[PDB]
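>>> Below: the sequence, then the experimentally determined structure.
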Amino acid sequence: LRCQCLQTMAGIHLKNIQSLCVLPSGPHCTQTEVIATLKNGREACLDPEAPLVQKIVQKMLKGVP
Amino acid sequence: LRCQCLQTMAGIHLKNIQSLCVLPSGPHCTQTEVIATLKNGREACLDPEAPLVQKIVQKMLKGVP
Amino acid sequence: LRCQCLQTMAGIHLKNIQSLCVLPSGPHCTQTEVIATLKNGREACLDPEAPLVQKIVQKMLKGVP
Amino acid sequence: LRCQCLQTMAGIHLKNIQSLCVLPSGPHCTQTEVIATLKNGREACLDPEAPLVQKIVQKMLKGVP
Amino acid sequence: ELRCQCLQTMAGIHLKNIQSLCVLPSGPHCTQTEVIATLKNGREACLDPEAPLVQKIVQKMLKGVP
Amino acid sequence: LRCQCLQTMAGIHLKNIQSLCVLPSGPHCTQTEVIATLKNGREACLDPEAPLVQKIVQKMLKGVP
Amino acid sequence: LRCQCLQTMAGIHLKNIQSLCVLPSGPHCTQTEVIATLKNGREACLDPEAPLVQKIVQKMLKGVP
Amino acid sequence: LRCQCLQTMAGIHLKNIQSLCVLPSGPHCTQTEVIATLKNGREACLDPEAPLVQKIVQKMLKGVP
Amino acid sequence: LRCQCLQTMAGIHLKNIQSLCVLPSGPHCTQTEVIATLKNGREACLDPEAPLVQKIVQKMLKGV
Amino acid sequence: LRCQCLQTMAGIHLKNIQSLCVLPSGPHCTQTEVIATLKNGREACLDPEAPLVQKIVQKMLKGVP
Amino acid sequence: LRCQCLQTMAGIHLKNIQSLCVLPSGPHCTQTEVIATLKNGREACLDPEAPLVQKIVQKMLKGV
Amino acid sequence: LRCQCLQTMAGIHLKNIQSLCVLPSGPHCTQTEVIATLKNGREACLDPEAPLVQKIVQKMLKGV
Amino acid sequence: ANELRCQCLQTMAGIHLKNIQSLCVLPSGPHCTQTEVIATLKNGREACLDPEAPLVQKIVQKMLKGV
Amino acid sequence: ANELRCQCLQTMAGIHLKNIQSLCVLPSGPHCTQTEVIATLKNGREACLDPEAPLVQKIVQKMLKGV
């Protein structure tokens, strides 16, 4: 029951994102961590504090590029 | 490869949410659909257009329920 | 026999890298692509042209931080 | 969780290399070890200290002959 | 009808590590004789039959191991 | 992990040999044992001490009859 | 429907023989050929003309060593 | 791993025999048992003690009618 | 559509017989031929003219 | 491994019978059951106790109508 | 396109019948022929003229 | 192993019937069901209780 | 095989709307002397219908509006 | 392939009765959300139609009566 992300990466493109899960804080992890799954299947971690990540999340809800 | 949510429900509380995945449009589904997994394990579908759902998502990224 | 990486990401830390495979050009892919596997197990793609990536690769050969 | 390479071999040609993975030090192994997979499928171990191996790695990143 | 199993030859093989050494001669399958040595971990590695070390390694395996 | 050969046979002809594997001593077997696979597919065991067998092995390396 | 044995071998021991099949002449083969299956499972061809082979066959019928 | 023959039969003709296998004693069976396969495919058991059977076996080795 | 039995054998025991089929004459074969299948599975041909075979067949009908 | 015949029928003609199999008692069935296969291919069950059936069987052995 | 039944048999029991098909006359056959399939799977031919067969058919329609 | 007929239809003509199978009750179906196959090949379900169907069946047995 | 004749030898009746999975209407032409309707049920068994019949015409219009 | 989805992505119009070789009406169910009509022309090319449309309903009843 440790954190799934060791670190954060950046440069994620919205077109490639097949799914984006937001895992908040708790006994499982010290901080909130976001895991984005691409269309090929490879997962990639993201920063919830980052402005691009927050911009990407709200765009997925409204409508896709 | 059909849509996972048959319908949307409401009245979700942030404290109970263990994970929230956002599945956008594509060949798999006609519209964007959001699936929230609670701490007990039971999943529940949400509306991306809904104002509460959008408010819940941004709050999870920043900080605590 | 298509390319394994849809895109490149950045911000990789050397300490977290458990393995780094370099897949060159051929019938399988138009360009060279690098796939780094972290200690947790999650893979992440990298740019061979990038200066940090080239600096990370040579450091792994000589000796770890 | 022991080292995958018992020994090192030499005389590797760049044209034949389909993939080259660099596995650094850790709990898994005492030293850094490099595993090159050929186009036929047969794997072969390499020395990270060797000058040819270091020359082969940097050439794969830049471009193929 | 098969092609040759070895694309190239490598060297620096140690006798202690060799678990098995198969010698595949010429024929319809391949233009030249090719030797495939399987190590104790399981990883295979190709060898040169013309090489003096390889010929010295083969005869030593028959007589008795180091 | 017992010995593959129960006994040795003789009268092997070089022309018929498709492959000759030499399995040395270890935990798997008390003595070194040689297994020759013919062109039809039928395997046959050989004596490493035998002079003909040693003469056959060196001839395969140099060049075929 | 060709001959199963490319050649004959010798030095077979009766104790090791689990089964011995005698395949006579016909459209399938130019001459009579004998195939002995050992207890481990490995088959081995024999000469019907050979005196030891004929002595081995008659001994199996009467009673085993 | 029981005996393959429940009983013995007689009146076998050499011309009809396509194959004759001799299965000696062991853990598999209390006594030696002979199984003759005819040209049509139907198997038939034989007595190793019988004089005709022993005469049939030696004739197959030398040369067929 | 040739005859299934190349020859006849003898020494069949009733206890071992699991099934006994009688295939009469016709375009398929010049003469009547009997095929007995044992309990292990191995088939064996029999002579319909033979006295033991005729005695074995009638005994199977009445009782083992 | 139950009985193949649920019941017996009668009125079988010898001319139509292509094959007649007699399956005796055992673990497979409580009583002896006879299965007659006609020239068209359709099977039909018979009573071993019946006088016509016993008369039909003996006639097939001697010679056909 | 010949007749499926070479002959008729009798002694059919209603309890065992899983299906009963009635194939009338035509180019395919000179006369009407009835084919009854049992619960085990083995087919058996019947006479349409026979009184038992006609009695069996009407009983299947009404009730088992 | 469900019932083959979802419903019954009527207006079947005897001349068109190539085959008529009667499938009685059991584990396979709650009630008896009759399946008539026409000369063109198209199957059609029938009611065993119906008077015309019972009249059609007996007529096929006697003669076309 | 039989090429370009009428598919229905006769008409039947007593069709229920609930059971109908598909209903095809094949009009007149070189293929057939009269219009013929072929209804395919949910189990898969086809059944012919009369276009002149009042129930059949009532069934067709009901399928278009709603089940 | 696409198993058990709707066969028509959209509806078209301007169908002429003379060209129609066959007209199948596929109602609602697990296979599709709404009723959909597929008309096959004499050349072989299929074309989808609206069951709600007045021309389509007029075309269907005319095929039953006579061409």
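Yes, it's here. Numbering: from 1, shown residues only, chains lettered A, B, ... in the order given.
>>> can you give me the helices for chain A?
A:51-62 (DSSP state H).
>>> OK, contacts around whatever residue of it ends up closest to chain H?
Going by CB to the nearest CB, chain H is nearest to residue A:41 of chain A, at 49.0 Å. Any C-beta I mention is one placed from the backbone N, CA and C, and that applies to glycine too. For residue A:41, no contacting residues are found, by CB atoms under 8 Å, 6 or more residues apart in numbering or on different chains.
>>> same deal with residue A:8?
A:45-47, A:50, C:11.
>>> and what of residue A:34?
Contact partners of residue A:34, counting by CB under 8 Å, 6+ apart, are A:20-23, A:45-48, A:53, B:61.
>>> can the residues you listed go into JSON lines with extra columns for distance to chain J and neighbour count?
Formatted as JSON lines, these follow (distance: CB to the nearest CB, whole Å; neighbours: other CB atoms under 10 Å in any protein chain shown):
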{"residue": "A:20", "distance to chain J": "60", "neighbour count": "23"}
{"residue": "A:21", "distance to chain J": "56", "neighbour count": "18"}
{"residue": "A:22", "distance to chain J": "61", "neighbour count": "24"}
{"residue": "A:23", "distance to chain J": "58", "neighbour count": "23"}
{"residue": "A:45", "distance to chain J": "61", "neighbour count": "23"}
{"residue": "A:46", "distance to chain J": "64", "neighbour count": "25"}
{"residue": "A:47", "distance to chain J": "69", "neighbour count": "20"}
{"residue": "A:48", "distance to chain J": "67", "neighbour count": "20"}
{"residue": "A:53", "distance to chain J": "68", "neighbour count": "19"}
{"residue": "B:61", "distance to chain J": "68", "neighbour count": "18"}
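>>> Return the distance of stretch A:16-30 from the chain's centre.
Offset of stretch A:16-30 from its chain centre (CA atoms, centre = their mean, to the nearest Å): 7 Å.
>>> neighbours of the residue of chain A found nearest chain D, just the number please.
At 13.9 Å from chain D, residue A:6 is the closest residue in chain A, using CB to the nearest CB. Counted with other CB atoms under 10 Å in any protein chain shown, residues neighbouring residue A:6 total 17.
>>> and if you look at the one 5 residues further on?
Taking other CB under 10 Å as the criterion, the count of residues near residue A:11 is 13.
>>> got the contact list for it?
When contacts are counted by CB under 8 Å, 6+ apart, residue A:11 touches C:7-11.
>>> Out of the contacts of residue A:34, flag the one nearest to chain L.
Taking CB to the nearest CB as the measure, chain L lies nearest residue A:21 of those, at 43.1 Å.
>>> For chain A, which residue gets nearest to chain K?
Closest point on chain A to chain K, by CB to the nearest CB, is residue A:41, at 49.2 Å.
>>> Need the phi and psi values for that residue.
Residue A:41 adopts backbone torsions of phi 120, psi -20, taken as degrees, to the nearest 10.
>>> how far away is it from chain N?
Separation of residue A:41 from chain N (CB to the nearest CB, to the nearest Å): 23 Å.
>>> distance of that residue from residue A:48?
Per CB to CB, to the nearest Å, residue A:41 is found 23 Å from residue A:48.
>>> repeat for residue A:24
9 Å.
>>> list residues touching both of these two?
A:32, B:60.
>>> Not counting residues beside it along the chain, what's closest to residue A:52?
residue A:10 (7.0 Å; CB to CB, 6 or more residues apart in numbering or on different chains).
>>> show me the contacts for the spatially closest residue to residue A:34 that is not a sequence neighbour.
Closest residue to residue A:34 apart from its sequence neighbours, by CB to CB, 6+ apart: residue A:46 at 4.2 Å. Going by CB under 8 Å, 6+ apart, residue A:46 touches A:8-10, A:12, A:20, A:34-36, A:53.
>>> could you redo the last one with a cut-off of 7 Å?
Contacts of residue A:46 were listed using CB atoms under 7 Å, 6 or more residues apart in numbering or on different chains, and they are A:8, A:12, A:34, A:36, A:53.
>>> Pipe the residues you listed into CSV and attach distance to residue C:57 per row.
Formatted as CSV, those follow (distance: CB to CB, whole Å):
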residue, distance to residue C:57
A:8, 21
A:12, 23
A:34, 28
A:36, 25
A:53, 27
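>>> Just want to check the distance between residue A:17 and chain B.
Counting by CB to the nearest CB, the gap from residue A:17 to chain B is 7 Å.
>>> so which residue of chain A comes closest to chain E?
Nearest residue of chain A to chain E (CB to the nearest CB) works out as residue A:42 at 27.1 Å.
>>> so what's that residue closest to, chain neighbours aside?
Nearest one to residue A:42, counting by CB to CB, 6+ apart, is residue C:43 at 5.5 Å.
>>> What's opposite that neighbour in the beta bridge?
Residue C:43 has these beta-bridge partners by DSSP bridges: residue C:37.
>>> hang on, the earlier thing: ok, of the contacts of residue A:8, which one's closest to chain M?
If you rank these by distance to chain M using CB to the nearest CB, residue A:46 comes first, at 48.2 Å.
>>> if I pick residue A:43, what's in contact with it?
Contacts for residue A:43 (CB under 7 Å, 6+ apart) come out as A:35-37, C:42.
>>> what's the closest non-adjacent residue to residue A:6?
Using CB to CB, 6+ apart, the closest residue to residue A:6 is residue C:16 (4.9 Å).
>>> Likewise for residue A:61?
Per CB to CB, 6+ apart, closest to residue A:61 is residue B:48, 4.0 Å.
>>> So that neighbour is in contact with residue B:32, correct?
Yes: shown here, residue B:48 and residue B:32 form a contact pair, counting by CB atoms under 7 Å, at 4.9 Å.
>>> Overlap of the contact sets of these two?
With CB under 7 Å, 6+ apart as the test, residue B:48 and residue B:32 both reach residue A:61.
>>> With adjacent residues omitted, what lies nearest to the closest residue to chain M within chain A?
Closest approach between chain A and chain M, counting by CB to the nearest CB: residue A:63, at 32.8 Å. Closest residue to residue A:63 apart from its sequence neighbours, by CB to CB, 6+ apart: residue B:32 at 7.2 Å.
>>> Residue A:50 too?
What sits nearest to residue A:50 in space, not counting adjacent residues and going by CB to CB, 6+ apart, is residue A:10, at 6.8 Å.
>>> Having no further points to raise, I will conclude here.
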